[PDB]
file run-v4.pdb (PDB, C-alpha atoms and all ligand atoms)
ATOM      1  CA  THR A   1     132.341  83.793 133.793
ATOM      2  CA  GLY A   2     129.455  82.011 135.570
ATOM      3  CA  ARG A   3     128.246  78.443 136.248
ATOM      4  CA  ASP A   4     126.200  76.347 133.780
ATOM      5  CA  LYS A   5     125.831  72.815 132.341
ATOM      6  CA  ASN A   6     124.997  71.167 128.966
ATOM      7  CA  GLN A   7     126.609  74.045 127.008
ATOM      8  CA  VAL A   8     127.388  71.777 124.004
ATOM      9  CA  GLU A   9     124.256  72.913 122.105
ATOM     10  CA  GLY A  10     121.627  75.555 122.982
ATOM     11  CA  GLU A  11     119.622  75.684 119.703
ATOM     12  CA  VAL A  12     118.347  72.082 120.169
ATOM     13  CA  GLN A  13     115.301  71.433 122.399
ATOM     14  CA  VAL A  14     113.687  68.140 123.508
ATOM     15  CA  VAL A  15     109.898  67.553 123.412
ATOM     16  CA  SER A  16     107.836  64.375 124.013
ATOM     17  CA  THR A  17     104.177  63.685 123.113
ATOM     18  CA  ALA A  18     101.642  61.182 124.517
ATOM     19  CA  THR A  19     102.226  58.566 121.766
ATOM     20  CA  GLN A  20     105.294  59.951 119.919
ATOM     21  CA  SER A  21     108.488  61.834 120.865
ATOM     22  CA  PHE A  22     110.487  64.124 118.536
ATOM     23  CA  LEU A  23     112.822  67.153 118.827
ATOM     24  CA  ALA A  24     112.549  70.752 117.537
ATOM     25  CA  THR A  25     115.214  73.221 116.315
ATOM     26  CA  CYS A  26     115.188  77.047 116.481
ATOM     27  CA  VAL A  27     115.974  78.421 112.991
ATOM     28  CA  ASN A  28     115.627  82.120 111.985
ATOM     29  CA  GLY A  29     113.815  82.821 115.295
ATOM     30  CA  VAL A  30     111.228  80.148 114.331
ATOM     31  CA  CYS A  31     110.872  76.677 115.915
ATOM     32  CA  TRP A  32     110.629  73.884 113.310
ATOM     33  CA  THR A  33     109.482  70.285 113.896
ATOM     34  CA  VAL A  34     108.417  67.311 111.722
ATOM     35  CA  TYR A  35     104.747  67.270 110.602
ATOM     36  CA  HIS A  36     104.245  63.454 110.480
ATOM     37  CA  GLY A  37     105.090  63.462 114.225
ATOM     38  CA  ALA A  38     102.621  66.076 115.557
ATOM     39  CA  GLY A  39     100.232  65.665 112.591
ATOM     40  CA  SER A  40      96.950  67.605 112.213
ATOM     41  CA  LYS A  41      96.185  67.136 115.944
ATOM     42  CA  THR A  42      97.620  69.995 118.055
ATOM     43  CA  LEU A  43      99.971  69.492 121.037
ATOM     44  CA  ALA A  44     100.419  71.437 124.310
ATOM     45  CA  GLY A  45     103.885  72.982 124.813
ATOM     46  CA  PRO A  46     105.528  74.611 127.860
ATOM     47  CA  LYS A  47     103.515  77.858 127.552
ATOM     48  CA  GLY A  48     100.275  75.874 127.086
ATOM     49  CA  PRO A  49      98.031  74.968 124.127
ATOM     50  CA  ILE A  50      99.265  76.339 120.769
ATOM     51  CA  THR A  51      98.010  76.323 117.150
ATOM     52  CA  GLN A  52     100.238  75.154 114.256
ATOM     53  CA  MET A  53     101.132  78.199 112.114
ATOM     54  CA  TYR A  54     103.008  76.279 109.387
ATOM     55  CA  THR A  55     101.784  72.934 107.973
ATOM     56  CA  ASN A  56     102.759  70.814 104.936
ATOM     57  CA  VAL A  57     102.154  67.045 104.566
ATOM     58  CA  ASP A  58     103.887  66.855 101.145
ATOM     59  CA  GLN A  59     106.977  68.633 102.526
ATOM     60  CA  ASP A  60     106.477  67.171 106.061
ATOM     61  CA  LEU A  61     107.322  70.640 107.435
ATOM     62  CA  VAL A  62     105.537  72.285 110.390
ATOM     63  CA  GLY A  63     106.474  74.792 113.145
ATOM     64  CA  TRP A  64     105.474  77.942 115.077
ATOM     65  CA  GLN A  65     106.568  81.611 114.920
ATOM     66  CA  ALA A  66     108.613  82.917 117.887
ATOM     67  CA  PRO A  67     109.397  86.498 118.984
ATOM     68  CA  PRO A  68     112.757  88.113 118.122
ATOM     69  CA  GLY A  69     115.577  88.255 120.713
ATOM     70  CA  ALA A  70     116.562  84.535 120.719
ATOM     71  CA  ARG A  71     119.734  83.119 119.095
ATOM     72  CA  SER A  72     118.991  81.346 115.783
ATOM     73  CA  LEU A  73     120.992  79.134 113.380
ATOM     74  CA  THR A  74     121.731  79.974 109.717
ATOM     75  CA  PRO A  75     121.871  77.894 106.509
ATOM     76  CA  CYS A  76     125.197  76.371 105.366
ATOM     77  CA  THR A  77     127.273  78.836 103.307
ATOM     78  CA  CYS A  78     130.610  76.993 102.943
ATOM     79  CA  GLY A  79     129.908  73.995 100.618
ATOM     80  CA  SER A  80     130.511  71.473 103.446
ATOM     81  CA  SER A  81     129.764  67.936 102.170
ATOM     82  CA  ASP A  82     130.517  66.363 105.579
ATOM     83  CA  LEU A  83     127.603  67.018 107.974
ATOM     84  CA  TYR A  84     126.882  65.842 111.548
ATOM     85  CA  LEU A  85     123.410  64.546 112.522
ATOM     86  CA  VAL A  86     122.105  65.296 116.044
ATOM     87  CA  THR A  87     120.353  62.284 117.636
ATOM     88  CA  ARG A  88     117.969  62.217 120.634
ATOM     89  CA  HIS A  89     120.806  60.669 122.698
ATOM     90  CA  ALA A  90     123.204  63.563 121.860
ATOM     91  CA  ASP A  91     125.124  61.277 119.455
ATOM     92  CA  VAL A  92     127.319  62.597 116.606
ATOM     93  CA  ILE A  93     128.052  60.928 113.235
ATOM     94  CA  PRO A  94     129.632  62.270 110.014
ATOM     95  CA  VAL A  95     127.451  61.983 106.880
ATOM     96  CA  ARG A  96     128.637  62.424 103.265
ATOM     97  CA  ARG A  97     126.529  64.663 100.986
ATOM     98  CA  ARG A  98     125.006  62.646  98.109
ATOM     99  CA  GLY A  99     122.273  65.118  97.030
ATOM    100  CA  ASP A 100     120.440  68.323  98.046
ATOM    101  CA  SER A 101     117.733  66.451 100.020
ATOM    102  CA  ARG A 102     119.276  62.930 100.187
ATOM    103  CA  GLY A 103     122.659  61.741 101.536
ATOM    104  CA  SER A 104     124.442  58.520 102.586
ATOM    105  CA  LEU A 105     125.165  57.261 106.130
ATOM    106  CA  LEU A 106     128.803  56.306 106.865
ATOM    107  CA  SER A 107     127.806  53.452 109.222
ATOM    108  CA  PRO A 108     124.811  51.305 108.154
ATOM    109  CA  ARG A 109     122.473  50.826 111.152
ATOM    110  CA  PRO A 110     118.913  49.541 111.733
ATOM    111  CA  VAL A 111     116.030  52.077 111.607
ATOM    112  CA  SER A 112     115.305  51.312 115.303
ATOM    113  CA  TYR A 113     118.742  52.684 116.314
ATOM    114  CA  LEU A 114     118.022  55.940 114.436
ATOM    115  CA  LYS A 115     114.333  55.969 115.514
ATOM    116  CA  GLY A 116     113.066  58.753 117.814
ATOM    117  CA  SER A 117     115.621  61.310 116.521
ATOM    118  CA  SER A 118     113.368  63.349 114.156
ATOM    119  CA  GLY A 119     114.065  67.107 114.329
ATOM    120  CA  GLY A 120     117.829  66.515 114.880
ATOM    121  CA  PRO A 121     119.362  69.460 112.968
ATOM    122  CA  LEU A 122     122.398  68.659 110.787
ATOM    123  CA  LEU A 123     125.290  71.113 111.313
ATOM    124  CA  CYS A 124     128.378  71.288 109.061
ATOM    125  CA  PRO A 125     131.838  71.388 110.707
ATOM    126  CA  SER A 126     131.949  75.147 109.924
ATOM    127  CA  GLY A 127     129.133  75.726 112.465
ATOM    128  CA  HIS A 128     126.237  76.539 110.072
ATOM    129  CA  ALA A 129     123.170  74.256 109.757
ATOM    130  CA  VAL A 130     122.090  72.521 106.513
ATOM    131  CA  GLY A 131     118.605  71.278 107.553
ATOM    132  CA  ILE A 132     116.775  68.846 109.889
ATOM    133  CA  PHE A 133     116.214  65.047 109.862
ATOM    134  CA  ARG A 134     112.912  64.010 108.209
ATOM    135  CA  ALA A 135     112.665  60.309 107.230
ATOM    136  CA  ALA A 136     115.062  57.327 107.313
ATOM    137  CA  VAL A 137     115.684  55.158 104.208
ATOM    138  CA  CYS A 138     116.196  51.372 104.504
ATOM    139  CA  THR A 139     115.617  48.276 102.316
ATOM    140  CA  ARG A 140     114.951  45.624 104.993
ATOM    141  CA  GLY A 141     115.034  47.753 108.175
ATOM    142  CA  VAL A 142     118.710  48.787 107.702
ATOM    143  CA  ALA A 143     119.228  52.534 107.096
ATOM    144  CA  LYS A 144     122.017  53.198 104.561
ATOM    145  CA  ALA A 145     120.952  56.647 103.284
ATOM    146  CA  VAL A 146     119.178  59.591 104.983
ATOM    147  CA  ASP A 147     116.825  62.256 103.559
ATOM    148  CA  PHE A 148     116.397  65.755 105.061
ATOM    149  CA  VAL A 149     114.915  69.119 103.968
ATOM    150  CA  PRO A 150     117.184  72.122 103.248
ATOM    151  CA  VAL A 151     116.799  75.446 105.116
ATOM    152  CA  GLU A 152     116.004  77.260 101.831
ATOM    153  CA  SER A 153     112.839  75.156 101.381
ATOM    154  CA  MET A 154     111.636  76.158 104.876
ATOM    155  CA  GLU A 155     111.935  79.863 103.945
ATOM    156  CA  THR A 156     109.615  79.351 100.936
ATOM    157  CA  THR A 157     106.882  77.957 103.240
ATOM    158  CA  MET A 158     107.240  80.803 105.781
ATOM    159  CA  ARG A 159     106.919  83.426 103.003
ATOM    160  CA  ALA A 160     103.616  81.867 101.849
TER     161      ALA A 160
HETATM  162  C1  LIG B 201     114.311  56.410 111.977
HETATM  163  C2  LIG B 201     113.765  57.598 112.265
HETATM  164  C3  LIG B 201     113.103  58.482 111.288
HETATM  165  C4  LIG B 201     112.916  59.943 111.557
HETATM  166  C5  LIG B 201     111.669  59.054 111.546
HETATM  167  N1  LIG B 201     110.809  59.129 110.352
HETATM  168  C6  LIG B 201     110.126  58.026 109.829
HETATM  169  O1  LIG B 201     110.146  56.911 110.364
HETATM  170  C7  LIG B 201     109.394  58.286 108.480
HETATM  171  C8  LIG B 201     107.903  58.652 108.720
HETATM  172  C9  LIG B 201     107.067  57.699 107.844
HETATM  173  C10 LIG B 201     108.011  56.511 107.602
HETATM  174  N2  LIG B 201     109.354  57.048 107.672
HETATM  175  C11 LIG B 201     110.434  56.658 106.877
HETATM  176  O2  LIG B 201     111.432  57.369 106.772
HETATM  177  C12 LIG B 201     110.375  55.251 106.168
HETATM  178  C13 LIG B 201     110.830  54.148 107.178
HETATM  179  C14 LIG B 201     111.220  52.806 106.522
HETATM  180  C15 LIG B 201     111.085  51.754 107.628
HETATM  181  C16 LIG B 201     110.325  52.427 108.764
HETATM  182  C17 LIG B 201     109.739  53.688 108.153
HETATM  183  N3  LIG B 201     111.266  55.292 104.979
HETATM  184  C18 LIG B 201     110.890  55.906 103.804
HETATM  185  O3  LIG B 201     109.768  56.372 103.621
HETATM  186  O4  LIG B 201     111.944  55.904 102.917
HETATM  187  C19 LIG B 201     111.800  56.613 101.642
HETATM  188  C20 LIG B 201     112.758  55.945 100.658
HETATM  189  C21 LIG B 201     113.136  57.054  99.704
HETATM  190  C22 LIG B 201     113.351  58.243 100.630
HETATM  191  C23 LIG B 201     112.280  58.090 101.748
HETATM  192  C24 LIG B 201     111.156  59.138 101.546
HETATM  193  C25 LIG B 201     110.066  59.106 102.626
HETATM  194  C26 LIG B 201     109.470  60.496 102.874
HETATM  195  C27 LIG B 201     108.136  60.444 103.621
HETATM  196  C28 LIG B 201     108.282  60.344 105.150
HETATM  197  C29 LIG B 201     106.939  60.586 105.814
HETATM  198  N4  LIG B 201     106.452  61.909 105.673
HETATM  199  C30 LIG B 201     105.170  62.241 106.093
HETATM  200  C31 LIG B 201     104.676  63.591 105.933
HETATM  201  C32 LIG B 201     103.334  63.963 106.372
HETATM  202  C33 LIG B 201     102.451  62.966 106.965
HETATM  203  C34 LIG B 201     102.918  61.592 107.144
HETATM  204  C35 LIG B 201     104.271  61.212 106.718
HETATM  205  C36 LIG B 201     104.808  59.865 106.868
HETATM  206  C37 LIG B 201     106.162  59.520 106.429
HETATM  207  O5  LIG B 201     106.770  58.282 106.547
HETATM  208  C38 LIG B 201     110.960  58.971 112.922
HETATM  209  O6  LIG B 201     111.575  58.628 113.920
HETATM  210  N5  LIG B 201     109.608  59.310 112.912
HETATM  211  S1  LIG B 201     108.623  59.433 114.227
HETATM  212  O7  LIG B 201     107.327  59.824 113.709
HETATM  213  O8  LIG B 201     108.752  58.264 115.064
HETATM  214  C39 LIG B 201     109.179  60.886 115.161
HETATM  215  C40 LIG B 201     109.046  60.757 116.655
HETATM  216  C41 LIG B 201     110.404  60.691 116.008
HETATM  217 ZN    ZN B 202     128.704  75.313 107.208
END

call {"tool": "encode", "arguments": {"input": "run-v4.pdb", "output": "structure tokens"}}
result
Amino acid sequence: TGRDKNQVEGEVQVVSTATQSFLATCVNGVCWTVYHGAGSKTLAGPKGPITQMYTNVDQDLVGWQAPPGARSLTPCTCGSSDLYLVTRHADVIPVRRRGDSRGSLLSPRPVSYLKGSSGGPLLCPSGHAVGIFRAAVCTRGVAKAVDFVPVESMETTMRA
């Protein structure tokens, strides 16, 4: 009951910087984004200037803490090998699971086609999320496999 648009996904947000543009995902009431994108330099959001609360160059994980009361996604708890990757253009593609942090792409495409989609959260067909996109893997510019961080790893950083 009511009128609304773009109801396909509500846990995915879009953010653009002065020289780079990536996306962020709300997980466990905490917004997570890629660190190589923002980097040490801070970035102004919708509320205004903010300070990075979580940082990790080795894990390429960074984000901010949000207040409770907002819907959040959960880790995958159904052993779903097939996962869908969210792209900046709202595209959907099935990906086979070939490792905890590394997988294989069904359709081989150039890095440029999959460029500008960092932060795209991967959600299994059950509805739960497995992690977020981090870096693309290619031999001569063609991406055949993809690497992403699991949600469990993010929890370890938040605890510390
Ligand atoms: C195709 C899209 C990918 C998501 C994406 N990430 C990337 O492009 C990452 C960041 C760089 C190199 N890179 C890749 O994935 C490369 C590509 C091979 C040809 C072009 C580069 N492959 C690449 O390493 O492949 C290796 C092969 C084995 C697995 C994979 C491991 C790489 C992990 C390191 C990624 C990375 N992390 C950082 C953390 C902190 C500070 C700086 C970092 C810089 C990093 O790198 C991206 O779009 N990044 S972005 O900054 O433009 C953001 C705005 C969207
Ligand atoms: Zn699931």

call {"tool": "closest_residue", "arguments": {"input": "run-v4.pdb", "among": "A:93, A:12, A:124, A:30", "to": "ligand ZN 202 (chain B)", "atoms": "only C-alpha atoms and all ligand atoms"}}
result
A:124

call {"tool": "closest_residue", "arguments": {"input": "run-v4.pdb", "among": "A:99, A:107, A:91, A:82", "to": "ligand ZN 202 (chain B)", "atoms": "all atoms listed in the file"}}
result
A:82

call {"tool": "atom_distance", "arguments": {"input": "run-v4.pdb", "atom1": "atom CA of residue 23 of chain A", "atom2": "atom CA of residue 104 of chain A"}}
result
21.8 Å

call {"tool": "closest_atom_pairs", "arguments": {"input": "run-v4.pdb", "of": "chain A", "to": "ligand ZN 202 (chain B)", "cutoff": "6 Å", "atoms": "all atoms listed in the file", "output": "JSON lines"}}
result
{"residue": "A:76", "atom": "CA", "partner": "B:ZN202", "partner_atom": "ZN", "distance": 4.1}
{"residue": "A:77", "atom": "CA", "partner": "B:ZN202", "partner_atom": "ZN", "distance": 5.4}
{"residue": "A:78", "atom": "CA", "partner": "B:ZN202", "partner_atom": "ZN", "distance": 5.0}
{"residue": "A:80", "atom": "CA", "partner": "B:ZN202", "partner_atom": "ZN", "distance": 5.7}
{"residue": "A:124", "atom": "CA", "partner": "B:ZN202", "partner_atom": "ZN", "distance": 4.4}
{"residue": "A:126", "atom": "CA", "partner": "B:ZN202", "partner_atom": "ZN", "distance": 4.2}
{"residue": "A:127", "atom": "CA", "partner": "B:ZN202", "partner_atom": "ZN", "distance": 5.3}
{"residue": "A:128", "atom": "CA", "partner": "B:ZN202", "partner_atom": "ZN", "distance": 4.0}

call {"tool": "resolve_selection", "arguments": {"input": "run-v4.pdb", "expression": "the PyMOL selection byres (((chain A and resi 51) around 8) and not hetatm)", "output": "list in words"}}
result
residues 42, 49, 50, 52, 53 and 64 of chain A

call {"tool": "write_last_selection", "arguments": {"input": "run-v4.pdb", "atoms": "C-alpha atoms", "output": "compact mmCIF listing (two decimals), in the coordinates of the input"}}
result
# COMPACT_ATOMS: atom_id res chain seq x y z
CA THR A 42 97.62 70.00 118.06
CA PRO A 49 98.03 74.97 124.13
CA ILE A 50 99.26 76.34 120.77
CA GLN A 52 100.24 75.15 114.26
CA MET A 53 101.13 78.20 112.11
CA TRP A 64 105.47 77.94 115.08

call {"tool": "closest_atom_pairs", "arguments": {"input": "run-v4.pdb", "of": "chain A", "to": "ligand LIG 201 (chain B)", "cutoff": "8 Å", "atoms": "all atoms listed in the file", "output": "tab-separated table"}}
result
residue	atom	partner	partner_atom	distance
A:20	CA	B:LIG201	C40	5.0
A:21	CA	B:LIG201	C40	4.4
A:22	CA	B:LIG201	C40	4.1
A:23	CA	B:LIG201	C41	7.5
A:34	CA	B:LIG201	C39	7.3
A:35	CA	B:LIG201	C32	5.6
A:36	CA	B:LIG201	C33	4.0
A:37	CA	B:LIG201	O7	4.3
A:39	CA	B:LIG201	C33	6.6
A:56	CA	B:LIG201	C32	7.0
A:57	CA	B:LIG201	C32	3.8
A:58	CA	B:LIG201	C31	5.8
A:59	CA	B:LIG201	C31	6.5
A:60	CA	B:LIG201	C31	4.0
A:61	CA	B:LIG201	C31	7.7
A:102	CA	B:LIG201	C22	7.6
A:111	CA	B:LIG201	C1	4.7
A:112	CA	B:LIG201	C1	6.2
A:113	CA	B:LIG201	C1	7.2
A:114	CA	B:LIG201	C1	4.5
A:115	CA	B:LIG201	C1	3.6
A:116	CA	B:LIG201	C41	3.8
A:117	CA	B:LIG201	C41	5.3
A:118	CA	B:LIG201	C4	4.3
A:119	CA	B:LIG201	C41	7.6
A:133	CA	B:LIG201	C4	6.3
A:134	CA	B:LIG201	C4	5.3
A:135	CA	B:LIG201	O2	3.2
A:136	CA	B:LIG201	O2	3.7
A:137	CA	B:LIG201	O4	4.0
A:138	CA	B:LIG201	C14	5.6
A:139	CA	B:LIG201	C14	7.6
A:140	CA	B:LIG201	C15	7.7
A:141	CA	B:LIG201	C15	5.6
A:143	CA	B:LIG201	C1	7.9
A:146	CA	B:LIG201	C22	7.4
A:147	CA	B:LIG201	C22	6.1

call {"tool": "write_last_selection", "arguments": {"input": "run-v4.pdb", "atoms": "C-alpha atoms", "output": "PDB file, keeping the file's coordinate frame"}}
result
ATOM      1  CA  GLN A  20     105.294  59.951 119.919  1.00  0.00           C
ATOM      2  CA  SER A  21     108.488  61.834 120.865  1.00  0.00           C
ATOM      3  CA  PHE A  22     110.487  64.124 118.536  1.00  0.00           C
ATOM      4  CA  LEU A  23     112.822  67.153 118.827  1.00  0.00           C
ATOM      5  CA  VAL A  34     108.417  67.311 111.722  1.00  0.00           C
ATOM      6  CA  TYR A  35     104.747  67.270 110.602  1.00  0.00           C
ATOM      7  CA  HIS A  36     104.245  63.454 110.480  1.00  0.00           C
ATOM      8  CA  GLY A  37     105.090  63.462 114.225  1.00  0.00           C
ATOM      9  CA  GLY A  39     100.232  65.665 112.591  1.00  0.00           C
ATOM     10  CA  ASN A  56     102.759  70.814 104.936  1.00  0.00           C
ATOM     11  CA  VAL A  57     102.154  67.045 104.566  1.00  0.00           C
ATOM     12  CA  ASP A  58     103.887  66.855 101.145  1.00  0.00           C
ATOM     13  CA  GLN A  59     106.977  68.633 102.526  1.00  0.00           C
ATOM     14  CA  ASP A  60     106.477  67.171 106.061  1.00  0.00           C
ATOM     15  CA  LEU A  61     107.322  70.640 107.435  1.00  0.00           C
ATOM     16  CA  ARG A 102     119.276  62.930 100.187  1.00  0.00           C
ATOM     17  CA  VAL A 111     116.030  52.077 111.607  1.00  0.00           C
ATOM     18  CA  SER A 112     115.305  51.312 115.303  1.00  0.00           C
ATOM     19  CA  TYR A 113     118.742  52.684 116.314  1.00  0.00           C
ATOM     20  CA  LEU A 114     118.022  55.940 114.436  1.00  0.00           C
ATOM     21  CA  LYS A 115     114.333  55.969 115.514  1.00  0.00           C
ATOM     22  CA  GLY A 116     113.066  58.753 117.814  1.00  0.00           C
ATOM     23  CA  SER A 117     115.621  61.310 116.521  1.00  0.00           C
ATOM     24  CA  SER A 118     113.368  63.349 114.156  1.00  0.00           C
ATOM     25  CA  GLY A 119     114.065  67.107 114.329  1.00  0.00           C
ATOM     26  CA  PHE A 133     116.214  65.047 109.862  1.00  0.00           C
ATOM     27  CA  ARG A 134     112.912  64.010 108.209  1.00  0.00           C
ATOM     28  CA  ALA A 135     112.665  60.309 107.230  1.00  0.00           C
ATOM     29  CA  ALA A 136     115.062  57.327 107.313  1.00  0.00           C
ATOM     30  CA  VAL A 137     115.684  55.158 104.208  1.00  0.00           C
ATOM     31  CA  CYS A 138     116.196  51.372 104.504  1.00  0.00           C
ATOM     32  CA  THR A 139     115.617  48.276 102.316  1.00  0.00           C
ATOM     33  CA  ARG A 140     114.951  45.624 104.993  1.00  0.00           C
ATOM     34  CA  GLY A 141     115.034  47.753 108.175  1.00  0.00           C
ATOM     35  CA  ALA A 143     119.228  52.534 107.096  1.00  0.00           C
ATOM     36  CA  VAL A 146     119.178  59.591 104.983  1.00  0.00           C
ATOM     37  CA  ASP A 147     116.825  62.256 103.559  1.00  0.00           C
TER      38      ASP A 147
END

call {"tool": "closest_residue", "arguments": {"input": "run-v4.pdb", "among": "A:19, A:156, A:28, A:13", "to": "residue 73 of chain A", "atoms": "all atoms listed in the file"}}
result
A:28

call {"tool": "closest_residue", "arguments": {"input": "run-v4.pdb", "among": "A:45, A:40, A:3, A:86", "to": "residue 17 of chain A", "atoms": "only C-alpha atoms"}}
result
A:45

call {"tool": "closest_residue", "arguments": {"input": "run-v4.pdb", "among": "A:87, A:16, A:101, A:1", "to": "residue 151 of chain A", "atoms": "only C-alpha atoms"}}
result
A:101

call {"tool": "residues_near_point", "arguments": {"input": "run-v4.pdb", "point": "(115.0, 78.0, 98.4)", "cutoff": "12 Å", "atoms": "all atoms listed in the file", "output": "number ranges by chain"}}
result
A: 75, 100-101, 131, 149-159

call {"tool": "axis_aligned_box", "arguments": {"input": "run-v4.pdb", "around": "segment 113-126 of chain A", "padding_each_side": "5 Å", "output": "JSON"}}
result
{"center_x": 122.5, "center_y": 63.9, "center_z": 113.4, "size_x": 28.9, "size_y": 32.5, "size_z": 18.8}

call {"tool": "closest_residue", "arguments": {"input": "run-v4.pdb", "among": "A:94, A:125, A:2, A:63", "to": "residue 79 of chain A", "atoms": "all atoms listed in the file"}}
result
A:125

call {"tool": "atom_distance", "arguments": {"input": "run-v4.pdb", "atom1": "atom CA of residue 106 of chain A", "atom2": "atom CA of residue 129 of chain A"}}
result
19.0 Å

call {"tool": "atom_distance", "arguments": {"input": "run-v4.pdb", "atom1": "atom CA of residue 65 of chain A", "atom2": "atom CA of residue 89 of chain A"}}
result
26.5 Å

call {"tool": "resolve_selection", "arguments": {"input": "run-v4.pdb", "expression": "the PyMOL selection byres (((chain A and resi 11) around 7) and not hetatm)", "output": "compact mmCIF listing (two decimals) with C-alpha atoms, in the frame of the given file"}}
result
# COMPACT_ATOMS: atom_id res chain seq x y z
CA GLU A 9 124.26 72.91 122.10
CA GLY A 10 121.63 75.56 122.98
CA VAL A 12 118.35 72.08 120.17
CA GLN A 13 115.30 71.43 122.40
CA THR A 25 115.21 73.22 116.32
CA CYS A 26 115.19 77.05 116.48
CA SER A 72 118.99 81.35 115.78

call {"tool": "build_atoms", "arguments": {"input": "run-v4.pdb", "residues": "segment 131-147 of chain A", "atoms": "N, CA and C atoms", "output": "short mmCIF file (atom, residue, chain, number, x, y, z; two decimals), keeping the file's coordinate frame"}}
result
data_model
loop_
_atom_site.label_atom_id
_atom_site.label_comp_id
_atom_site.auth_asym_id
_atom_site.auth_seq_id
_atom_site.Cartn_x
_atom_site.Cartn_y
_atom_site.Cartn_z
N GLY A 131 120.06 71.62 107.54
CA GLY A 131 118.60 71.28 107.55
C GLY A 131 118.28 70.40 108.77
N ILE A 132 117.16 69.72 108.74
CA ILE A 132 116.78 68.85 109.89
C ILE A 132 116.43 67.43 109.39
N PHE A 133 116.54 66.45 110.26
CA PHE A 133 116.21 65.05 109.86
C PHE A 133 114.71 64.92 109.57
N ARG A 134 114.36 64.17 108.55
CA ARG A 134 112.91 64.01 108.21
C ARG A 134 112.51 62.53 108.22
N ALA A 135 113.03 61.76 107.29
CA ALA A 135 112.66 60.31 107.23
C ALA A 135 113.91 59.45 107.00
N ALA A 136 113.89 58.24 107.50
CA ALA A 136 115.06 57.33 107.31
C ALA A 136 114.82 56.44 106.09
N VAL A 137 115.87 56.01 105.43
CA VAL A 137 115.68 55.16 104.21
C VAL A 137 116.36 53.80 104.40
N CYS A 138 115.60 52.73 104.34
CA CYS A 138 116.20 51.37 104.50
C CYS A 138 115.54 50.38 103.54
N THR A 139 116.20 49.29 103.24
CA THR A 139 115.62 48.28 102.32
C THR A 139 114.92 47.18 103.12
N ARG A 140 115.56 46.69 104.15
CA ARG A 140 114.95 45.62 104.99
C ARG A 140 115.06 46.02 106.47
N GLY A 141 114.93 47.28 106.76
CA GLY A 141 115.03 47.75 108.18
C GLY A 141 116.42 48.36 108.43
N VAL A 142 117.35 48.21 107.51
CA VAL A 142 118.71 48.79 107.70
C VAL A 142 118.80 50.14 107.00
N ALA A 143 119.14 51.18 107.72
CA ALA A 143 119.23 52.53 107.10
C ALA A 143 120.62 52.77 106.51
N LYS A 144 120.70 52.95 105.22
CA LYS A 144 122.02 53.20 104.56
C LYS A 144 122.09 54.65 104.09
N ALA A 145 120.97 55.23 103.75
CA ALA A 145 120.95 56.65 103.28
C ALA A 145 119.95 57.45 104.12
N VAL A 146 120.12 58.75 104.18
CA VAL A 146 119.18 59.59 104.98
C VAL A 146 118.66 60.77 104.15
N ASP A 147 117.41 61.12 104.33
CA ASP A 147 116.82 62.26 103.56
C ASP A 147 116.40 63.38 104.51
#
